[PDB]
Each structure stands twice: as structure tokens, then as C-alpha cells.
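Working notes, beginning with the structure itself.
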Amino acid sequence: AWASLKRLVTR
Amino acid sequence: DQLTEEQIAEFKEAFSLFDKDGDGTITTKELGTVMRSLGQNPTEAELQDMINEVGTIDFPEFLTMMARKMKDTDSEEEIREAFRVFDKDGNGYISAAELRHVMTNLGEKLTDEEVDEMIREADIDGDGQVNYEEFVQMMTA
Ligand SMILES: [Ca+2]
Ligand SMILES: [Ca+2]
């Protein structure tokens with residue numbers, strides 16, 4: 001569910 | 001390092017929402033809106049610098065801008081900035097309503113229930129909204 005927001009930043 | 005296929009697809013989807021005739025461009029005045037839909041929080045100076053470094057922006061130029069921002073911005077700052085954009089009223093919490101608008105502005109078509117499930121996954125203290133550290137916990141995984 002959060003994959004598309006997680007893709008907006010780097011780790 | 002560089003953008004994945006899925007990041008490129010997501011950036012293209014957000015860009016295309018402002019490319020009404022499909023010609024691969026947005027206007028310079030639309031650049032900030034597109035960047036904010038992608039969780040960037042550019043200052044006016046930052047936007048004008050990007051515009052000057054290239055009255056339209058074409059998609060390959062935009063994608064090159066985004067790749068550089070993703071690689072060169074500190075990761076902790078990237079999370080802070082995305083939280084600041086998504087927390088539309090600045091009250092320290094992303095509400096279900098704010099999150100619905102974020103997902104819509106990315107170009108997704110999630111149901112209201114699917115967004116509620118996003119909130120529940122992230123909501124550790126049970127108040128039904130996502131505060132900054134709850135967001136960090138999601139965005140650091
Ligand atoms: Ca808020
Ligand atoms: Ca919470």
C-alpha cells in the first residue's frame with residue numbers, strides 16, 4: 001500500500 | 001543511484017497529468033505542481049534554478065532534474081520534505097483526507113477504503129492519522 005510513496009525518496 | 005523502472009513510470013504518470021495534449025511537455029508554471037505531487041517541496045529559488053538550468057519543460061529534462069534531486073538530496077531531508085508537502089495544512093499530521101488527495105494527485109485511483117488501510121498500516125499510536133515519525137517509519141523501510 002505504501003510502495004508508491006516509498007519510491008518518492010531514497011533510503 | 002539511478003531511478004528504477006517503477007520510479008520512472010510513477011514520475012511519467014504524474015507529469016502526464018499536466019500534459020493535456022500529450023506532446024511531452026508541461027509549462028514552467030506547472031513544474032512546481034508536478035514536483036509537489038511527487039513529494040518534492042522545492043522553494044521558489046530552487047524551482048527557478050531548475051528552470052534556468054534548461055516556456056515549457058519537456059519530459060526528458062524533467063526526468064533528469066528528478067534523478068538529480070533523488071540522488072543528491074539527503075535521504076532524511078527527502079522524508080521531511082515529503083511529509084511537509086503531504087501535510088497540506090501543516091498541523092503535523094497527515095489525515096485520511098490529505099492522503100486521499102496525495103494519492104489522487106499522483107494519478108492513482110485508490111478507493112477510500114484502500115487509503116484508510118494505508119493510514120492503519122502506518123498509524124502506530126491509534127489516532128487515525130500519520131504523524132512525522134510514523135511517516136519516517138514507513139519511508140525508511
Ligand atoms: Ca494535516
Ligand atoms: Ca498516528
Side-chain angles (χ1 to χ4, degrees), chain A residues 1-10, chain B residues 3-20 26-51 53 57 59 61-67 69-87 89-141:
Chain A
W2 278 77
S4 69
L5 300 185
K6 288 180 190 181
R7 278 190 287 270
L8 300 179
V9 306
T10 68
Chain B
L3 301 172
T4 70
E5 295 281 356
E6 290 168 14
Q7 288 175 308
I8 293 156
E10 178 166 353
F11 296 174
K12 183 180 180 297
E13 176 172 344
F15 182 98
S16 299
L17 296 169
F18 284 95
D19 174 10
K20 300 297 154 52
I26 61 176
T27 68
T28 54
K29 288 185 185 304
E30 286 159 349
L31 180 58
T33 313
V34 172
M35 286 185 73
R36 281 182 285 277
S37 75
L38 291 166
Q40 302 274 324
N41 190 30
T43 64
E44 181 274 344
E46 290 177 329
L47 268 179
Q48 200 54 55
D49 290 350
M50 294 177 286
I51 291 168
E53 284 172 346
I57 300 149
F59 182 67
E61 293 169 331
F62 168 80
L63 194 60
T64 297
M65 298 169 192
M66 289 296 296
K69 292 288 177 200
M70 290 287 308
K71 178 183 165 164
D72 288 347
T73 308
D74 179 90
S75 295
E76 173 198 325
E77 185 63 26
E78 291 179 341
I79 297 172
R80 293 181 186 279
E81 294 284 38
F83 188 82
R84 284 167 190 145
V85 178
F86 294 165
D87 178 17
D89 60 8
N91 79 333
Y93 303 92
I94 300 175
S95 64
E98 286 169 342
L99 188 55
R100 285 192 301 271
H101 304 155
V102 167
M103 302 315 293
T104 294
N105 291 348
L106 278 169
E108 305 196 18
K109 303 279 181 61
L110 298 185
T111 67
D112 294 352
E113 297 145 318
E114 282 165 333
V115 175
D116 283 340
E117 283 307 294
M118 287 181 77
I119 298 276
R120 189 180 79 187
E121 180 175 0
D123 183 27
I124 293 166
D125 59 11
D127 70 351
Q129 49 195 8
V130 180
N131 70 3
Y132 168 69
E133 193 64 21
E134 283 167 347
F135 189 75
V136 171
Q137 175 99 80
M138 299 308 305
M139 297 289 280
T140 294

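Atoms within each ligand, like the ligands themselves, are counted from 1 in listed order. Computation of the quantities below employed the complete heavy-atom set of this structure, encompassing side-chain atoms and omitting hydrogens, waters and symmetry-equivalent molecules. Chain A is the first sequence line, chain B the second, and so forth, proteins listed ahead of strands; every chain is numbered from 1.
- Seen from the Ca ion (ligand 1), atom OD1 on B:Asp87 and atom OE1 on B:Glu98 lie at an angle near 100° (rounded to 10 degrees).
- Not counting sequence neighbours, the partners of B:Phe59 by the ring pair (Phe, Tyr, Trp, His ring centres under 6.0 Å) test are B:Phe15.
- B:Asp89 contributes atom OD1 as its closest N/O/S atom to the Ca ion (ligand 1).
- Rounding to the nearest 0.5 Å places CG of B:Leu3 at 10.5 Å from CD of B:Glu10.
- Note on B:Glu77 versus B:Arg84: salt bridge recorded, some NZ/NE/NH1/NH2 to OD/OE distance being below 4.0 Å.
- Here the CG atom belonging to B:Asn105 is positioned 11.0 Å from the CZ atom belonging to B:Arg36, to the nearest 0.5 angstrom.
- B:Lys20 NZ: more than 12 foreign heavy atoms inside a 6.0 Å radius.
- With no hydrogens or angles considered, no side-chain donor-acceptor pair links B:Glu30 and B:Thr33 at under 3.5 Å.
- Panel detail: the Ca ion (ligand 2) has protein N, O or S atoms under 3.0 Å away, 6 in number.
- Heavy atoms of other residues, nucleotides or ligands lying less than 6.0 angstrom from CD of B:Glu6 number 12 at most.
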